[PDB]
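One structure is given below, encoded as structure tokens.
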Amino acid sequence: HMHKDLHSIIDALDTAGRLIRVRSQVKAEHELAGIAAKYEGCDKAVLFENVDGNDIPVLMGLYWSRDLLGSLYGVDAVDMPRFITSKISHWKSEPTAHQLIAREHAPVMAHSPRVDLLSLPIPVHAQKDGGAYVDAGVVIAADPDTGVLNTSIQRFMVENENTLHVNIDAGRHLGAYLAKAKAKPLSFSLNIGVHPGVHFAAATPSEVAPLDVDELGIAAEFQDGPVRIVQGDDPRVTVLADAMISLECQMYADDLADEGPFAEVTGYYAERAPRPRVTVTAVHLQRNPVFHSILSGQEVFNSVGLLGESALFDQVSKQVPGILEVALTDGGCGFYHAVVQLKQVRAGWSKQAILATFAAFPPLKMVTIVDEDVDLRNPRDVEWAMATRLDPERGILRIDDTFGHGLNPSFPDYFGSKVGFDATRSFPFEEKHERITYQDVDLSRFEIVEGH
Amino acid sequence: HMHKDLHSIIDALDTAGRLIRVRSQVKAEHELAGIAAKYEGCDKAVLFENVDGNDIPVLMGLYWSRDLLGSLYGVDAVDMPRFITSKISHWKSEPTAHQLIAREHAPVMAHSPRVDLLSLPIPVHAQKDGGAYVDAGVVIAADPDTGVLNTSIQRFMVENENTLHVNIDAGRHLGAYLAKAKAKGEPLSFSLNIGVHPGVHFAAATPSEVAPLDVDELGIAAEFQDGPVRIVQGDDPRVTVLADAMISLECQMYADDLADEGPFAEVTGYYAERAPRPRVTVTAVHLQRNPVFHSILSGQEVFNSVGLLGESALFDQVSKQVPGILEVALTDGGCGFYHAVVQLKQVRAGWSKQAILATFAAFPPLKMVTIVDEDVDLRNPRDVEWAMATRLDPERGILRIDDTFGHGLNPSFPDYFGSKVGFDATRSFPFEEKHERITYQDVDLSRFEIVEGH
Ligand SMILES: Cc1cc2c3c(c1C)C(C)(C)CC=[N+]3c1c([nH]c(=O)[nH]c1=O)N2C[C@H](O)[C@H](O)[C@H](O)COP(=O)(O)O
Ligand SMILES: Cc1cc2c3c(c1C)C(C)(C)CC=[N+]3c1c([nH]c(=O)[nH]c1=O)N2C[C@H](O)[C@H](O)[C@H](O)COP(=O)(O)O
Ligand SMILES: [Mn+2]
Ligand SMILES: [Mn+2]
Ligand code: NA
Ligand code: NA
């Protein structure tokens, strides 16, 4: 239950019967995403064997099911956030140095075609996206002053066969490396089709891996041995050796061009706007490459939740007794709604739980508290707790004129109202709140023919 | 700037002119506390050279001025909470093992009179206190199962020459050790060590979440002295005595053996209910030569014990969740427990409200939180009143939390349940001229000849 590269992942899923093979030709324009969308969240990923008759198939839906990611590493969905955090803890304490290897030993260097981005089966995802996007690509970039690596993930729109437009949010480390090159232009690699270890490294936030620190070793914790890197053609750049595809890239500061729209976590479009142009100097491919794309939605909600929930749980359980679990729900875009599950020990702690949760995660708009006997990850069950347990008069806590996330239109200019729901039963516990229960039953113990 | 025992402290204060010597005879009944009360909070402690013509003087007022405690360790008042926290951090990381020493080497074992508590100049403090109290005594008690030490501070009322009645709050570690003695058929032995240096006081006052039940917090004291904490076998011998104490009482207490104690002052400023609470019997008494009896006046002495230990953790927790936090005060007006003022440098609208959430979440006893800017003195209630008068928006700046957990001693929170309220007394952001405070030139008074009254 360790994985060197995406091949390992796909074979494991194929073997486990968690792969949906779409054998028919599909169009990269809208149709592909449309099919993915009908499968979003189920316990399987989707391999498209034939995209506009490309030789390169595309994989989508790797991240939309915690059960699936858990199956790849032998952990239950519920234990995955702790699993990932424990591994990032081990990396902080004893990092694994990368392994630099010779160009002709690096599977990704198998081929180097003339740079033609339009030959790649890059999907146009949502119906109003400003073009085809690579959105599962991990950027590796060296500090122009200190050569220290930074690993981030960023959306790149294809303009033409050799140009991408990239979105770099404010205070991103890639942004800061560009500021340094602009005291001299910035080279880097874009590594598409990487294993979850690289993905989690890329997505690890600033306060876990500072600017002056190399987060890429996080990936080493999800594979035997160290992360394999290789000198690019550049040579100011470093390439991920076990990537399916890798693009050597260069970008000048103060050189902007219209990119977007694209889906944001909110489920709304980004504003099309002048953002940095990046020019693709070279292209490397394994033989038998699969192109890896992410469907905006649960794939992104789980990336954020799996990395963020353990810290949040740690911060709340430290300030409040009886905390069991914290969910950054998919309904809340893995960012705007937290459900906190606790075992009450005294009246009043449920309200402290609301304060602690809002204090620990500034983007949150809603917090809901529920008891140990409600499934915090089932929105039906939280709705039920709201319907039978919430006192609307004393259990709704509203915070005005506070800081929040500017992308969410409930928070214009990072400012608005937050609301907590205390959907706990009354304490001390009373019979009128004891839920009915059906005997738990192993279905494998019976012969059951289900449809035919 | 290290201190082995209380002698070191008193000499340092005497040398520094931070000692008030009351040379006249005073009565331990009410009069002594009455005099202390007139001096509460000033930059000096009070040594009573003559209490009912006892040979033993009493020291009071060691903890009521952060400036004074700072002077003892060479730190400014403002840096004292961090000073203490850093030292407790070093102890958590690399504890110093205690040094056991021979009875005739232990200064406290100099004398062992027959047990007469009424021969000690133990003050009756507040006018309705149910008797004389020792309230600066640090209890050292060994786990009856595992022998692991626990250091706590607890009020003991004198009943007669050989009996005390003690108050043990719910979930105290001494409470848990007493459960073990009774669950094991023996009662609980321990020592009561009076006249200890601040390092022992801070060990005693260190809460459960810093030093769990299964952990020996007494090494914290080693961080405020050269070398390790000196202990010594008592006469018991289930007990361990602090060698450098001024006075130490070997004590035994049986579970389910209650007797009326109280009233006594609580941090709230109100009396505890007189009620059946555990009787403890004083088996033996040890004294240094030249012993001074150490008492605490309820009030600022207690507010500062709690604030000095609690503020750095609270600041750490809030500055981690909110940008631009500068300082947090557990104010004396709020009994060092119920009001926190948070000072910040605003960087964007809305963070002041998150500061309220973070502060209430980090310190459950709190009833009020007030936020103010860098240009308001968070420790001056006049200045925070001013921020309230000119900056608070009463409509949008008052945040009320209902039906939440709080501290049961505070009568705003019957049964550890009630309403909390936060005041956002910050200026508007972005900063505007209409909120720029006037300023007078800073001026050295020593640069001028000034005759101030005759
Ligand atoms: C999981 C994830 C994270 C995206 C992301 C997406 C996903 C799926 C997409 C591909 C669906 C949409 C685009 N994304 C962007 C993004 N950050 C950014 O500045 N611009 C982006 O366009 N991020 C987050 C970014 O990579 C993280 O904040 C890293 O922690 C940044 O690394 P750093 O801390 O070293 O700056
Ligand atoms: C600073 C301080 C703390 C008092 C205290 C006082 C002071 C000055 C007095 C002397 C003014 C009034 C009495 N006090 C009592 C008390 N705890 C308790 O259970 N009963 C008390 O009577 N405490 C608190 C107690 O000592 C601390 O909570 C310790 O951290 C307990 O240690 P533990 O966690 O090891 O049990
Ligand atoms: Mn980084
Ligand atoms: Mn303890
Ligand atoms: Na990162
Ligand atoms: Na203690």
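Each chain of the structure tokens is named A, B, ... in the order shown, its residues numbered from 1; ligands are numbered from 1 in display order.
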
Q: Enumerate as a ChimeraX atom specification the residues belonging to chain A that approach chain B to within 12 Å, with only C-alpha atoms taken into account.
A: /A:207,312,315-321,344-364,391,393-405,411-420,422,426

Convert the current residue selection to file output with C-alpha atoms, as a PDB file, in the first residue's frame.
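Below is the file that was written, part31.pdb:
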```pdb
ATOM      1  CA  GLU A 207       1.976  27.799   7.681  1.00  0.00           C
ATOM      2  CA  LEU A 312      -9.117  22.042  13.061  1.00  0.00           C
ATOM      3  CA  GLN A 315      -7.583  23.076  17.840  1.00  0.00           C
ATOM      4  CA  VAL A 316     -11.228  22.605  18.873  1.00  0.00           C
ATOM      5  CA  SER A 317     -10.699  19.411  21.042  1.00  0.00           C
ATOM      6  CA  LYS A 318      -7.935  21.300  22.899  1.00  0.00           C
ATOM      7  CA  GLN A 319     -10.414  24.108  23.923  1.00  0.00           C
ATOM      8  CA  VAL A 320     -13.594  21.977  24.365  1.00  0.00           C
ATOM      9  CA  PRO A 321     -14.205  18.571  25.972  1.00  0.00           C
ATOM     10  CA  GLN A 344     -21.757  16.345  25.667  1.00  0.00           C
ATOM     11  CA  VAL A 345     -20.491  16.352  29.290  1.00  0.00           C
ATOM     12  CA  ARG A 346     -22.092  19.642  30.463  1.00  0.00           C
ATOM     13  CA  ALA A 347     -24.534  22.279  29.225  1.00  0.00           C
ATOM     14  CA  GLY A 348     -22.771  25.190  27.490  1.00  0.00           C
ATOM     15  CA  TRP A 349     -19.770  23.431  25.885  1.00  0.00           C
ATOM     16  CA  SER A 350     -21.672  23.162  22.523  1.00  0.00           C
ATOM     17  CA  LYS A 351     -21.571  27.006  22.271  1.00  0.00           C
ATOM     18  CA  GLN A 352     -17.836  27.145  23.105  1.00  0.00           C
ATOM     19  CA  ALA A 353     -17.431  24.562  20.278  1.00  0.00           C
ATOM     20  CA  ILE A 354     -18.986  27.106  17.866  1.00  0.00           C
ATOM     21  CA  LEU A 355     -16.610  29.910  19.014  1.00  0.00           C
ATOM     22  CA  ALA A 356     -13.543  27.621  18.820  1.00  0.00           C
ATOM     23  CA  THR A 357     -14.421  26.357  15.323  1.00  0.00           C
ATOM     24  CA  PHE A 358     -15.038  29.885  13.882  1.00  0.00           C
ATOM     25  CA  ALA A 359     -11.797  31.150  15.475  1.00  0.00           C
ATOM     26  CA  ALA A 360      -9.737  28.262  14.072  1.00  0.00           C
ATOM     27  CA  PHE A 361     -10.871  28.534  10.328  1.00  0.00           C
ATOM     28  CA  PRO A 362     -11.574  32.064   9.051  1.00  0.00           C
ATOM     29  CA  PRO A 363     -13.267  31.090   5.752  1.00  0.00           C
ATOM     30  CA  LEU A 364     -16.114  29.289   7.593  1.00  0.00           C
ATOM     31  CA  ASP A 391     -33.706  25.384  19.523  1.00  0.00           C
ATOM     32  CA  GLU A 393     -34.278  30.816  19.693  1.00  0.00           C
ATOM     33  CA  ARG A 394     -31.216  29.908  21.819  1.00  0.00           C
ATOM     34  CA  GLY A 395     -29.232  27.625  19.412  1.00  0.00           C
ATOM     35  CA  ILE A 396     -28.558  30.096  16.543  1.00  0.00           C
ATOM     36  CA  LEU A 397     -25.465  32.273  17.162  1.00  0.00           C
ATOM     37  CA  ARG A 398     -24.847  35.055  14.635  1.00  0.00           C
ATOM     38  CA  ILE A 399     -21.505  36.923  14.317  1.00  0.00           C
ATOM     39  CA  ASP A 400     -21.624  40.144  12.245  1.00  0.00           C
ATOM     40  CA  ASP A 401     -18.971  42.295  10.554  1.00  0.00           C
ATOM     41  CA  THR A 402     -16.260  39.638  10.788  1.00  0.00           C
ATOM     42  CA  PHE A 403     -13.511  38.500   8.379  1.00  0.00           C
ATOM     43  CA  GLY A 404     -14.237  35.728   5.863  1.00  0.00           C
ATOM     44  CA  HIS A 405     -13.302  34.409   2.390  1.00  0.00           C
ATOM     45  CA  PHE A 411     -18.343  37.902   2.147  1.00  0.00           C
ATOM     46  CA  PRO A 412     -17.836  40.905  -0.207  1.00  0.00           C
ATOM     47  CA  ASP A 413     -14.267  42.209   0.328  1.00  0.00           C
ATOM     48  CA  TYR A 414     -13.485  39.444   2.911  1.00  0.00           C
ATOM     49  CA  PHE A 415     -16.224  40.818   5.303  1.00  0.00           C
ATOM     50  CA  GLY A 416     -19.707  39.565   6.402  1.00  0.00           C
ATOM     51  CA  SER A 417     -21.802  37.466   8.835  1.00  0.00           C
ATOM     52  CA  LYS A 418     -21.175  33.922  10.124  1.00  0.00           C
ATOM     53  CA  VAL A 419     -23.794  31.754  11.898  1.00  0.00           C
ATOM     54  CA  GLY A 420     -23.526  28.739  14.187  1.00  0.00           C
ATOM     55  CA  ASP A 422     -26.294  24.188  18.000  1.00  0.00           C
ATOM     56  CA  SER A 426     -30.568  18.654  25.710  1.00  0.00           C
TER      57      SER A 426
END
```

Q | At most 12 Å from ligand 4 (only C-alpha atoms and all ligand atoms): residue list as a VMD selection string | A | chain B and resid 138 to 143 148 to 153 171 to 177 202 to 220

Write to file, as an mmCIF file, in the first residue's frame, the residues of the selection just made, with N, CA and C atoms.
```
data_model
loop_
_atom_site.group_PDB
_atom_site.id
_atom_site.type_symbol
_atom_site.label_atom_id
_atom_site.label_comp_id
_atom_site.auth_asym_id
_atom_site.auth_seq_id
_atom_site.Cartn_x
_atom_site.Cartn_y
_atom_site.Cartn_z
ATOM 1 N N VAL B 138 1.908 26.058 50.093
ATOM 2 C CA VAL B 138 1.995 25.099 48.973
ATOM 3 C C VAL B 138 1.946 23.688 49.562
ATOM 4 N N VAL B 139 0.964 22.903 49.111
ATOM 5 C CA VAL B 139 0.777 21.489 49.502
ATOM 6 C C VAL B 139 1.625 20.642 48.581
ATOM 7 N N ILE B 140 2.560 19.868 49.153
ATOM 8 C CA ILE B 140 3.246 18.742 48.456
ATOM 9 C C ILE B 140 2.692 17.416 48.994
ATOM 10 N N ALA B 141 2.205 16.574 48.084
ATOM 11 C CA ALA B 141 1.510 15.314 48.389
ATOM 12 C C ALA B 141 1.971 14.273 47.376
ATOM 13 N N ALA B 142 2.264 13.062 47.871
ATOM 14 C CA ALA B 142 2.680 11.926 47.038
ATOM 15 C C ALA B 142 1.451 11.102 46.683
ATOM 16 N N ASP B 143 1.320 10.732 45.410
ATOM 17 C CA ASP B 143 0.362 9.709 44.929
ATOM 18 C C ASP B 143 0.479 8.453 45.794
ATOM 19 N N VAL B 148 4.284 9.631 42.909
ATOM 20 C CA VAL B 148 4.516 10.845 42.057
ATOM 21 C C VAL B 148 3.995 12.086 42.788
ATOM 22 N N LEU B 149 4.802 13.144 42.861
ATOM 23 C CA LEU B 149 4.422 14.352 43.647
ATOM 24 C C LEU B 149 3.391 15.203 42.900
ATOM 25 N N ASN B 150 2.592 15.927 43.668
ATOM 26 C CA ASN B 150 1.683 16.976 43.170
ATOM 27 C C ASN B 150 1.818 18.159 44.110
ATOM 28 N N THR B 151 1.927 19.343 43.529
ATOM 29 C CA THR B 151 2.133 20.635 44.211
ATOM 30 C C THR B 151 0.938 21.522 43.847
ATOM 31 N N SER B 152 0.166 21.897 44.849
ATOM 32 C CA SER B 152 -1.060 22.709 44.697
ATOM 33 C C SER B 152 -1.064 23.731 45.822
ATOM 34 N N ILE B 153 -1.974 24.691 45.743
ATOM 35 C CA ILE B 153 -2.164 25.729 46.791
ATOM 36 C C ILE B 153 -3.651 25.787 47.100
ATOM 37 N N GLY B 171 -12.132 18.438 40.899
ATOM 38 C CA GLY B 171 -11.149 18.169 39.826
ATOM 39 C C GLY B 171 -9.732 18.644 40.155
ATOM 40 N N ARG B 172 -9.496 19.097 41.386
ATOM 41 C CA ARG B 172 -8.127 19.362 41.928
ATOM 42 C C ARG B 172 -7.358 18.042 42.050
ATOM 43 N N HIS B 173 -6.035 18.070 41.888
ATOM 44 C CA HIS B 173 -5.201 16.834 41.914
ATOM 45 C C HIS B 173 -5.124 16.284 43.342
ATOM 46 N N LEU B 174 -5.105 17.170 44.337
ATOM 47 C CA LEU B 174 -5.142 16.775 45.767
ATOM 48 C C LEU B 174 -6.427 15.984 45.999
ATOM 49 N N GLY B 175 -7.548 16.408 45.401
ATOM 50 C CA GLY B 175 -8.839 15.706 45.454
ATOM 51 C C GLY B 175 -8.678 14.271 45.003
ATOM 52 N N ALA B 176 -8.023 14.062 43.854
ATOM 53 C CA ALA B 176 -7.817 12.734 43.216
ATOM 54 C C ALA B 176 -6.914 11.832 44.088
ATOM 55 N N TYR B 177 -5.844 12.383 44.684
ATOM 56 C CA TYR B 177 -4.931 11.654 45.612
ATOM 57 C C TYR B 177 -5.702 11.221 46.873
ATOM 58 N N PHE B 202 4.395 29.434 41.554
ATOM 59 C CA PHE B 202 4.019 29.223 40.139
ATOM 60 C C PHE B 202 3.872 27.735 39.827
ATOM 61 N N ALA B 203 4.699 26.860 40.412
ATOM 62 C CA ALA B 203 4.551 25.395 40.238
ATOM 63 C C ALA B 203 3.182 24.988 40.784
ATOM 64 N N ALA B 204 2.877 25.493 41.977
ATOM 65 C CA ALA B 204 1.649 25.163 42.720
ATOM 66 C C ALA B 204 0.449 25.590 41.898
ATOM 67 N N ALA B 205 0.542 26.763 41.279
ATOM 68 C CA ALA B 205 -0.593 27.413 40.587
ATOM 69 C C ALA B 205 -0.654 26.961 39.136
ATOM 70 N N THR B 206 0.309 26.181 38.659
ATOM 71 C CA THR B 206 0.301 25.728 37.242
ATOM 72 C C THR B 206 -0.893 24.791 37.046
ATOM 73 N N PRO B 207 -1.758 25.093 36.063
ATOM 74 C CA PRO B 207 -2.975 24.308 35.842
ATOM 75 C C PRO B 207 -2.752 22.884 35.274
ATOM 76 N N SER B 208 -3.806 22.076 35.367
ATOM 77 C CA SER B 208 -3.918 20.664 34.913
ATOM 78 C C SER B 208 -3.406 20.451 33.478
ATOM 79 N N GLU B 209 -3.685 21.350 32.530
ATOM 80 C CA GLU B 209 -3.404 21.063 31.091
ATOM 81 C C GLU B 209 -1.921 21.322 30.787
ATOM 82 N N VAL B 210 -1.175 21.951 31.709
ATOM 83 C CA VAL B 210 0.303 22.134 31.597
ATOM 84 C C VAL B 210 1.019 20.973 32.309
ATOM 85 N N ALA B 211 0.533 20.614 33.497
ATOM 86 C CA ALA B 211 1.038 19.515 34.347
ATOM 87 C C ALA B 211 -0.107 18.548 34.646
ATOM 88 N N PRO B 212 -0.336 17.487 33.819
ATOM 89 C CA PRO B 212 -1.373 16.484 34.114
ATOM 90 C C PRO B 212 -1.248 15.812 35.499
ATOM 91 N N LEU B 213 -2.210 14.951 35.854
ATOM 92 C CA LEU B 213 -2.307 14.271 37.181
ATOM 93 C C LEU B 213 -1.060 13.402 37.417
ATOM 94 N N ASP B 214 -0.682 12.620 36.401
ATOM 95 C CA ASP B 214 0.471 11.673 36.406
ATOM 96 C C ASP B 214 1.833 12.399 36.280
ATOM 97 N N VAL B 215 1.933 13.707 36.546
ATOM 98 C CA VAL B 215 3.165 14.517 36.273
ATOM 99 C C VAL B 215 3.451 15.464 37.457
ATOM 100 N N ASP B 216 4.755 15.641 37.728
ATOM 101 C CA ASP B 216 5.368 16.290 38.923
ATOM 102 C C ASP B 216 5.790 17.718 38.546
ATOM 103 N N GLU B 217 4.939 18.690 38.841
ATOM 104 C CA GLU B 217 5.088 20.093 38.368
ATOM 105 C C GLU B 217 6.119 20.815 39.241
ATOM 106 N N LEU B 218 6.586 20.208 40.337
ATOM 107 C CA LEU B 218 7.430 20.921 41.331
ATOM 108 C C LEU B 218 8.778 21.340 40.727
ATOM 109 N N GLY B 219 9.271 20.630 39.729
ATOM 110 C CA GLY B 219 10.520 21.005 39.026
ATOM 111 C C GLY B 219 10.427 22.372 38.377
ATOM 112 N N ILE B 220 9.208 22.873 38.171
ATOM 113 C CA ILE B 220 9.043 24.230 37.587
ATOM 114 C C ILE B 220 9.847 25.186 38.462
#
```

**Q.** Close residues, range 51-63 of chain A itself excluded, 6 Å, only C-alpha atoms, min 4 positions apart in chain, as a ChimeraX atom specification
**A.** /A:25-27,45-47,290-294,299

Q: Give the residue list for ligand 1 at 6 Å, counting only C-alpha atoms and all ligand atoms, as a list in words, sorted by chain and then by residue number.
A: residues 135, 136, 150, 151, 152, 153, 154, 155, 167, 168, 169, 172, 173, 202, 203, 204, 205, 206, 296, 300 and 303 of chain A

Q: Write out as a PyMOL selection string all residues of range 84-266 of chain B that DSSP puts in strand (DSSP E) for this structure's backbone.
A: chain B and resi 99-100+133-134+138-142+149-153+156-160+163-166+188-194+230-233+240-242+247-253+258-261
